[PDB]
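Encoded as structure tokens, the structure appears first; notes follow it.
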Number of protein chains: 2
Amino acid sequence: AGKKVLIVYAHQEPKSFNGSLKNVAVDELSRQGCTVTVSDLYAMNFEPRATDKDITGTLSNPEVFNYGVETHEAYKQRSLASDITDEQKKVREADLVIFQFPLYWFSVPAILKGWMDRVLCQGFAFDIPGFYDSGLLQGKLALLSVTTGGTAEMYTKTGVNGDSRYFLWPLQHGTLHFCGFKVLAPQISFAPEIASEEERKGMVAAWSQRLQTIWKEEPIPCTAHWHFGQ
Amino acid sequence: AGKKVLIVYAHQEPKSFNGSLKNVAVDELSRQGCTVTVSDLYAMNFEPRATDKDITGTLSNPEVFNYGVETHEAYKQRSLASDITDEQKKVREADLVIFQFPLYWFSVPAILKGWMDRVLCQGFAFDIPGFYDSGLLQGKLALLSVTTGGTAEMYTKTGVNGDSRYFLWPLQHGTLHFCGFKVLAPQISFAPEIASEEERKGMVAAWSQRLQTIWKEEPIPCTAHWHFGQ
Ligand SMILES: Cc1cc2nc3c(=O)[nH]c(=O)nc-3n(C[C@H](O)[C@H](O)[C@H](O)COP(=O)(O)OP(=O)(O)OC[C@H]3O[C@@H](n4cnc5c(N)ncnc54)[C@H](O)[C@@H]3O)c2cc1C
Ligand SMILES: Cc1cc2nc3c(=O)[nH]c(=O)nc-3n(C[C@H](O)[C@H](O)[C@H](O)COP(=O)(O)OP(=O)(O)OC[C@H]3O[C@@H](n4cnc5c(N)ncnc54)[C@H](O)[C@@H]3O)c2cc1C
Ligand SMILES: CCN(CC)CCC[C@H](C)Nc1ccnc2cc(Cl)ccc12
Ligand SMILES: CCN(CC)CCC[C@H](C)Nc1ccnc2cc(Cl)ccc12
Ligand SMILES: [Zn+2]
Ligand SMILES: [Zn+2]
């Protein structure tokens with residue numbers, strides 16, 4: 001026991017469907033006795049841009065700015081902007097990181113993309129070498145809880161939008177697995193705007209109910225076959 | 001001729017490999033007699049976050065904030081923030097939109113993700129019923145010019161990262177095709193940091209040379225089969 005959870009939450013509106021899914025996760029994980037922290041990115045005005053302001057120390061090469069190189073070195077020297085290290089502390093302490101967001105352009109909203117870009121730097125989240133199964137966040141779990149405009153039917157193989165797993169690839173594999181996370185099955189709450197209020201309440205209750213047994217779940221095999229099939 | 005091009009450019013450093021690819025595109029398209037415009041997102045300090053500041057008027061619903069609905073209505077009511085409408089004007093005038101960026105987490109840097117989120121609103125880029133082949137930007141061409149850290153071999157179907165086409169799906173299909181663009185084959189400049197000077201020169205020259213005949217190209221079939229098939 002004694003599990004720690006970080007929820008990285010990306011919605012502007014506390015009364016939103018995303019807000020309800022975040023709150024029910026806080027409620028249920030709290031009820032279980034888990035330690036819970038939420039990064040409410042919009043409320044934090046979280047900075048999404050990868051810039052030279054993210055390093056406060058002497059640059060390795062002040063004539064030609066290479067974000068990856070400079071953040072790697074800043075991580076090692078401890079000269080990263082404090083907003084980044086504040087998030088790194090939350091990740092370091094977490095056993096499970098839940099990302100709660102509406103799908104924007106088959107991906108995460110930009111503010112959350114910026115969290116990934118800025119927080120998961122070399123030295124902290126991965127090394128070269130030291131990625132995928134050797135990533136530095138090994139031993140941790142991650143889970144994408146996503147809401148969509150499109151219906152489940154629209155996000156199937158035979159639909160023009162394609163199977164929902166297709167768009168998970170850059171997030172689950174390219175990012176989370178790359179950093180060493182084991183990835184729990186995504187929670188996709190399809191088309192709440194189209195849904196009836198009863199169907200919406202059902203989707204929120206389904207997430208809460210799933211969370212009751214989250215610590216017993218196995219991760220997915222985060223492979224091309226899982227995402228794309230044969 | 002009389003062709004118009006917008007380059008949406010996302011790199012912090014003018015002397016970067018991305019910078020050089022952007023500059024060669026400007027040079028070669030300018031030489032051809034094309035009309036060329038560049039949105040240098042980092043130099044513009046482009047806002048990535050989707051917030052209620054993106055609507056200038058009174059909100060469609062001041063009590064509960066729905067970004068998609070509010071921006072749709074704002075577009076119809078000419079009440080979007082000027083940074084967004086400035087970009088929409090550039091897109092509206094363009095026959096070809098080139099995106100020039102380094103791959104960040106199998107996707108675009110957050111600043112460019114924010115451009116997509118905030119600029120391509122419903123009513124402007126898509127609507128009911130105009131999407132995929134009938135998207136509102138139909139008749140326009142789009143092209144992703146991406147640079148990577150990983151090698152071409154890492155980006156193979158059975159390589160650690162999977163086929164590069166796998167990460168293109170959310171961008172080419174879920175975003176560009178969705179908005180009605182015809183998608184020209186991506187330009188992928190693999191691993192310039194690792195490449196020799198000569199190899200880098202070759203990749204820049206390949207891009208310059210490609211641009212010489214860009215108006216003669218057929219778009220790819222932006223399908224699941226192209227992205228995921230044998
Ligand atoms: C920039 C942008 C890009 C997008 N790109 C995509 C894309 O690529 N693919 C795609 O499929 N969609 C896309 N969308 C649509 C988007 O994913 C949906 O709009 C979003 O997922 C809806 O979630 P929400 O929390 O905002 O819904 P909400 O509008 O907040 O929720 C709907 C309703 O649920 C109600 N509600 C809240 N809590 C509860 C509760 N506890 N019980 C019952 N009802 C409740 C709310 O009052 C509301 O009426 C995009 C949208 C934007 C703005
Ligand atoms: C947050 C983050 C996430 C990332 N995620 C990924 C990922 O998911 N997958 C992946 O594969 N990579 C990833 N990367 C790596 C990234 O994609 C590469 O670092 C980037 O593409 C390199 O391009 P660049 O323009 O910055 O190269 P640069 O470092 O600017 O350039 C490389 C070399 O080319 C030289 N050069 C510039 N112009 C010319 C010229 N005209 N002729 C010859 N040489 C020239 C430069 O001087 C330099 O020496 C990530 C990086 C970051 C920071
Ligand atoms: C017209 C607005 N309103 C009236 C019913 C319906 C809500 C709008 C719906 C949910 N939004 C969407 C539904 C489905 N797909 C989408 C893809 C993108 Cl990129 C953006 C928005 C999307
Ligand atoms: C000083 C040496 N310097 C090159 C300038 C280090 C370059 C490291 C290499 C290129 N970067 C990378 C190579 C391959 N994959 C990657 C995935 C991510 Cl997320 C981030 C960086 C990556
Ligand atoms: Zn994986
Ligand atoms: Zn397509």
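Residue numbering restarts at 1 in every chain; chains get A, B, ... in the order shown in the structure tokens, and ligands count up from 1 in that same order.
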
Exercise. Could you list the residues in chain A lying within 8 Å of chain B, using only C-alpha atoms, and format the result as a PyMOL selection string?
Key: chain A and resi 12-13+15-16+48-51+64-66+104-107+109-111+113-114+116-117+160-162+166-167+169-171+174-175+224+228

Okay, now the selection with N, CA, C and O atoms, as a tab-separated table (two decimals), in the first residue's frame?
chain	number	residue	atom	x	y	z
A	12	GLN	N	-9.88	23.77	-19.40
A	12	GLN	CA	-10.06	25.15	-18.95
A	12	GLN	C	-11.20	25.35	-17.96
A	12	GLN	O	-11.26	26.35	-17.25
A	13	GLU	N	-12.12	24.40	-17.92
A	13	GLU	CA	-13.43	24.61	-17.32
A	13	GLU	C	-13.68	23.58	-16.21
A	13	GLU	O	-13.80	22.39	-16.48
A	15	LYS	N	-16.25	22.83	-14.59
A	15	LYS	CA	-17.54	22.15	-14.69
A	15	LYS	C	-17.62	21.23	-15.90
A	15	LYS	O	-18.68	20.68	-16.22
A	16	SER	N	-16.50	21.07	-16.59
A	16	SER	CA	-16.48	20.26	-17.80
A	16	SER	C	-16.56	18.77	-17.49
A	16	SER	O	-16.37	18.33	-16.35
A	48	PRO	N	3.97	26.40	-22.11
A	48	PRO	CA	4.17	25.26	-23.02
A	48	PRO	C	5.39	25.38	-23.92
A	48	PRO	O	5.81	24.38	-24.49
A	49	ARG	N	5.93	26.57	-24.08
A	49	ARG	CA	6.97	26.78	-25.08
A	49	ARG	C	8.33	26.34	-24.57
A	49	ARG	O	8.73	26.68	-23.46
A	50	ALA	N	9.06	25.60	-25.41
A	50	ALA	CA	10.44	25.21	-25.14
A	50	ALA	C	11.35	26.35	-25.57
A	50	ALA	O	11.56	26.56	-26.77
A	51	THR	N	11.86	27.11	-24.61
A	51	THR	CA	12.70	28.26	-24.93
A	51	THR	C	13.95	28.34	-24.05
A	51	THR	O	14.07	27.60	-23.06
A	64	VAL	N	24.81	29.02	-30.53
A	64	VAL	CA	23.84	28.24	-31.28
A	64	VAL	C	23.04	27.42	-30.27
A	64	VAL	O	23.56	26.51	-29.63
A	65	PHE	N	21.77	27.77	-30.13
A	65	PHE	CA	20.93	27.21	-29.07
A	65	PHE	C	20.26	25.92	-29.49
A	65	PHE	O	19.44	25.91	-30.41
A	66	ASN	N	20.59	24.86	-28.77
A	66	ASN	CA	20.05	23.52	-28.98
A	66	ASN	C	19.29	23.14	-27.72
A	66	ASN	O	19.90	22.89	-26.67
A	104	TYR	N	-7.29	16.81	-28.74
A	104	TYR	CA	-7.16	17.96	-29.64
A	104	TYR	C	-6.31	17.50	-30.81
A	104	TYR	O	-5.12	17.18	-30.63
A	105	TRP	N	-6.88	17.50	-32.01
A	105	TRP	CA	-6.14	17.12	-33.21
A	105	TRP	C	-5.40	15.78	-33.05
A	105	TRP	O	-4.20	15.68	-33.30
A	106	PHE	N	-6.15	14.77	-32.64
A	106	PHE	CA	-5.65	13.40	-32.51
A	106	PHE	C	-4.49	13.34	-31.50
A	106	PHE	O	-3.68	12.42	-31.56
A	107	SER	N	-4.45	14.28	-30.56
A	107	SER	CA	-3.31	14.37	-29.66
A	107	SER	C	-3.73	15.10	-28.37
A	107	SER	O	-4.91	15.27	-28.10
A	109	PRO	N	-3.93	18.53	-25.91
A	109	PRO	CA	-3.90	20.00	-26.04
A	109	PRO	C	-2.48	20.53	-25.91
A	109	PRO	O	-1.66	19.96	-25.18
A	110	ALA	N	-2.17	21.62	-26.60
A	110	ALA	CA	-0.81	22.15	-26.60
A	110	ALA	C	-0.23	22.39	-25.21
A	110	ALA	O	0.97	22.23	-25.01
A	111	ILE	N	-1.05	22.82	-24.25
A	111	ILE	CA	-0.51	23.11	-22.93
A	111	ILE	C	0.07	21.83	-22.31
A	111	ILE	O	1.08	21.88	-21.62
A	113	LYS	N	1.03	19.13	-24.23
A	113	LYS	CA	2.20	18.82	-25.06
A	113	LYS	C	3.44	19.52	-24.50
A	113	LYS	O	4.52	18.94	-24.48
A	114	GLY	N	3.27	20.76	-24.07
A	114	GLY	CA	4.38	21.55	-23.53
A	114	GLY	C	4.91	20.97	-22.23
A	114	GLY	O	6.10	21.00	-21.97
A	116	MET	N	4.88	17.75	-21.57
A	116	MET	CA	5.70	16.63	-22.01
A	116	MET	C	7.05	17.09	-22.55
A	116	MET	O	8.10	16.55	-22.19
A	117	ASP	N	7.01	18.11	-23.40
A	117	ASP	CA	8.24	18.61	-24.03
A	117	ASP	C	9.25	19.11	-23.00
A	117	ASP	O	10.44	18.84	-23.13
A	160	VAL	N	-13.21	6.40	-41.46
A	160	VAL	CA	-12.17	7.25	-42.02
A	160	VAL	C	-11.19	7.77	-40.95
A	160	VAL	O	-10.01	7.94	-41.22
A	161	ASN	N	-11.69	8.00	-39.74
A	161	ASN	CA	-10.85	8.47	-38.63
A	161	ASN	C	-9.96	7.40	-38.06
A	161	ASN	O	-8.99	7.69	-37.36
A	162	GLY	N	-10.30	6.15	-38.34
A	162	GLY	CA	-9.46	5.02	-37.98
A	162	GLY	C	-9.62	4.60	-36.53
A	162	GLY	O	-10.27	5.27	-35.73
A	166	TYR	N	-4.81	3.97	-33.00
A	166	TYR	CA	-3.85	4.56	-33.93
A	166	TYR	C	-3.29	5.87	-33.40
A	166	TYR	O	-2.08	6.11	-33.54
A	167	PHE	N	-4.15	6.73	-32.87
A	167	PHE	CA	-3.69	8.04	-32.39
A	167	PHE	C	-3.00	7.98	-31.03
A	167	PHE	O	-2.35	8.92	-30.62
A	169	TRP	N	-0.48	6.08	-30.41
A	169	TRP	CA	0.91	5.68	-30.62
A	169	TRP	C	1.97	6.72	-30.19
A	169	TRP	O	2.90	6.36	-29.45
A	170	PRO	N	1.85	7.99	-30.63
A	170	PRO	CA	2.89	8.95	-30.24
A	170	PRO	C	2.92	9.21	-28.74
A	170	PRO	O	3.99	9.50	-28.19
A	171	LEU	N	1.77	9.06	-28.09
A	171	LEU	CA	1.64	9.34	-26.66
A	171	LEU	C	2.09	8.14	-25.82
A	171	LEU	O	2.99	8.26	-24.99
A	174	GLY	N	5.70	6.61	-28.19
A	174	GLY	CA	6.74	7.58	-28.47
A	174	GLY	C	7.15	8.39	-27.26
A	174	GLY	O	8.28	8.87	-27.20
A	175	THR	N	6.25	8.54	-26.30
A	175	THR	CA	6.52	9.37	-25.13
A	175	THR	C	6.61	8.53	-23.86
A	175	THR	O	7.68	8.42	-23.26
A	224	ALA	N	3.86	-2.02	-31.59
A	224	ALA	CA	3.18	-1.70	-32.84
A	224	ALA	C	1.99	-2.64	-33.06
A	224	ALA	O	0.94	-2.22	-33.54
A	228	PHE	N	-1.68	-1.31	-33.95
A	228	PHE	CA	-2.02	-1.33	-35.38
A	228	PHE	C	-2.53	-2.68	-35.89
A	228	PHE	O	-3.10	-2.76	-36.97

Exercise. Write out as an MDAnalysis selection string each polymer residue whose atoms come within 8 Å of residue 147 (chain B), counting only C-alpha atoms; drop sequence neighbours fewer than 2 positions from it.
Key: chainID B and resid 18 101:103 145 149 188:192

Quiz prompt | Polymer residues at most 10 Å from region 70-77 of chain B, only C-alpha atoms, same-chain spacing of 5 or more positions, as a ChimeraX atom specification | solution = /B:50-52,54-62,65,84-85,118-124,126-127

Quiz item: Neighbours of residue 9 (chain B) within 7 Å (only C-alpha atoms; same-chain residues fewer than 4 positions away dropped), as a ChimeraX atom specification?
Solution: /B:38-41,99-101

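Within region 136-210 of chain A, residues classed as strand (DSSP E) by DSSP on backbone coordinates are residues 141, 142, 143, 144, 145, 146, 147, 182, 183, 187, 188 and 189 of chain A.
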
Restricting the output to N, CA, C and O atoms, write the selected residues as a PDB file, in the first residue's frame.
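Done, and the output landed in part04.pdb:
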ATOM      1  N   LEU A 141       3.825   3.683 -13.555  1.00  0.00           N
ATOM      2  CA  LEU A 141       2.704   3.446 -14.446  1.00  0.00           C
ATOM      3  C   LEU A 141       2.173   4.775 -14.979  1.00  0.00           C
ATOM      4  O   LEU A 141       2.232   5.803 -14.296  1.00  0.00           O
ATOM      5  N   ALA A 142       1.660   4.742 -16.202  1.00  0.00           N
ATOM      6  CA  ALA A 142       1.008   5.891 -16.796  1.00  0.00           C
ATOM      7  C   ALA A 142      -0.292   5.456 -17.447  1.00  0.00           C
ATOM      8  O   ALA A 142      -0.426   4.314 -17.903  1.00  0.00           O
ATOM      9  N   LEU A 143      -1.242   6.375 -17.530  1.00  0.00           N
ATOM     10  CA  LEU A 143      -2.563   6.063 -18.063  1.00  0.00           C
ATOM     11  C   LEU A 143      -3.125   7.309 -18.725  1.00  0.00           C
ATOM     12  O   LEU A 143      -3.142   8.369 -18.113  1.00  0.00           O
ATOM     13  N   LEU A 144      -3.569   7.185 -19.974  1.00  0.00           N
ATOM     14  CA  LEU A 144      -4.234   8.278 -20.670  1.00  0.00           C
ATOM     15  C   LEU A 144      -5.737   8.167 -20.489  1.00  0.00           C
ATOM     16  O   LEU A 144      -6.335   7.178 -20.886  1.00  0.00           O
ATOM     17  N   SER A 145      -6.342   9.180 -19.885  1.00  0.00           N
ATOM     18  CA  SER A 145      -7.792   9.288 -19.804  1.00  0.00           C
ATOM     19  C   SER A 145      -8.233  10.446 -20.704  1.00  0.00           C
ATOM     20  O   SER A 145      -8.031  11.624 -20.382  1.00  0.00           O
ATOM     21  N   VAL A 146      -8.821  10.070 -21.837  1.00  0.00           N
ATOM     22  CA  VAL A 146      -9.074  10.940 -22.969  1.00  0.00           C
ATOM     23  C   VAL A 146     -10.564  11.055 -23.214  1.00  0.00           C
ATOM     24  O   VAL A 146     -11.287  10.057 -23.139  1.00  0.00           O
ATOM     25  N   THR A 147     -11.025  12.248 -23.552  1.00  0.00           N
ATOM     26  CA  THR A 147     -12.380  12.443 -24.034  1.00  0.00           C
ATOM     27  C   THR A 147     -12.343  12.883 -25.506  1.00  0.00           C
ATOM     28  O   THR A 147     -11.381  13.519 -25.933  1.00  0.00           O
ATOM     29  N   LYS A 182       5.465   1.826 -17.740  1.00  0.00           N
ATOM     30  CA  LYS A 182       4.526   0.817 -18.191  1.00  0.00           C
ATOM     31  C   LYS A 182       3.185   1.519 -18.347  1.00  0.00           C
ATOM     32  O   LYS A 182       2.826   2.396 -17.550  1.00  0.00           O
ATOM     33  N   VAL A 183       2.464   1.159 -19.402  1.00  0.00           N
ATOM     34  CA  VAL A 183       1.263   1.875 -19.804  1.00  0.00           C
ATOM     35  C   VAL A 183       0.020   1.049 -19.528  1.00  0.00           C
ATOM     36  O   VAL A 183      -0.142  -0.045 -20.052  1.00  0.00           O
ATOM     37  N   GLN A 187      -8.267   5.018 -20.902  1.00  0.00           N
ATOM     38  CA  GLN A 187      -9.679   5.250 -20.651  1.00  0.00           C
ATOM     39  C   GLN A 187     -10.134   6.257 -21.685  1.00  0.00           C
ATOM     40  O   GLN A 187      -9.697   7.396 -21.657  1.00  0.00           O
ATOM     41  N   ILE A 188     -10.990   5.838 -22.609  1.00  0.00           N
ATOM     42  CA  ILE A 188     -11.504   6.757 -23.615  1.00  0.00           C
ATOM     43  C   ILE A 188     -12.995   6.916 -23.427  1.00  0.00           C
ATOM     44  O   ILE A 188     -13.776   5.957 -23.564  1.00  0.00           O
ATOM     45  N   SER A 189     -13.377   8.129 -23.056  1.00  0.00           N
ATOM     46  CA  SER A 189     -14.764   8.491 -22.860  1.00  0.00           C
ATOM     47  C   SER A 189     -15.216   9.178 -24.137  1.00  0.00           C
ATOM     48  O   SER A 189     -14.899  10.343 -24.368  1.00  0.00           O
TER      49      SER A 189
END

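Minimum atom-to-atom distance to ligand 2, evaluated using only C-alpha atoms and all ligand atoms, belongs to B:155 out of B:155, B:130, B:138, B:44.
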
Exercise. Could you find all residues in chain A that DSSP calls helix (DSSP H, G or I) from the backbone, and write them as an MDAnalysis selection string?
Key: chainID A and resid 17:31 52:54 67:77 82:93 110:119 132:134 164:177 197:212 214:216 224:228

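The space between atom 46 (C, counted along the ligand's line) of ligand 1 and CA of residue 35 (chain A) spans 27.7 Å.
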
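Minimum distance to ligand 1 across B:69, B:21, B:34, B:211 (counting only C-alpha atoms and all ligand atoms) occurs at B:69.
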
Hey, what's within 9 Å of residue 26 (chain B) if we count only C-alpha atoms and toss same-chain stuff fewer than 6 positions away? As a PDB file with N, CA and C atoms, in the first residue's frame, please?
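Written output follows (out.pdb):
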ATOM      1  N   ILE B   7       4.988  29.291 -44.807  1.00  0.00           N
ATOM      2  CA  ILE B   7       5.808  28.383 -44.011  1.00  0.00           C
ATOM      3  C   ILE B   7       5.579  28.655 -42.535  1.00  0.00           C
ATOM      4  N   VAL B  36       5.760  34.342 -50.788  1.00  0.00           N
ATOM      5  CA  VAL B  36       6.172  33.566 -49.625  1.00  0.00           C
ATOM      6  C   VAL B  36       5.974  34.359 -48.335  1.00  0.00           C
ATOM      7  N   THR B  37       5.397  33.715 -47.327  1.00  0.00           N
ATOM      8  CA  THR B  37       5.210  34.287 -46.005  1.00  0.00           C
ATOM      9  C   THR B  37       5.674  33.247 -44.999  1.00  0.00           C
ATOM     10  N   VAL B  38       6.320  33.693 -43.923  1.00  0.00           N
ATOM     11  CA  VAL B  38       6.797  32.801 -42.860  1.00  0.00           C
ATOM     12  C   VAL B  38       6.224  33.243 -41.522  1.00  0.00           C
TER      13      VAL B  38
END

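Note that CA of residue 198 (chain B) and CA of residue 217 (chain B) are 27.0 Å apart.
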
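Between atom 13 (C, counted along the ligand's line) of ligand 4 and CA of residue 165 (chain B) lies a distance of 17.5 Å.
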
Quiz item: Using only C-alpha atoms and all ligand atoms, which residue out of A:184, A:195, A:125, A:205 lies closest to ligand 2?
Solution: A:125

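Distance annotation: of A:214, A:97, A:194, A:222, the residue with the minimal separation from ligand 3 is A:194; atom set is only C-alpha atoms and all ligand atoms.
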
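Of the residues under consideration (A:177, A:3, A:23, A:86), A:177 shows the shortest atom-to-atom contact distance to ligand 2 when counting only C-alpha atoms and all ligand atoms.
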
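Remark: for ligand 3, the closest of the candidate residues A:80, A:204, A:94, A:154 is A:154 (distances computed over only C-alpha atoms and all ligand atoms).
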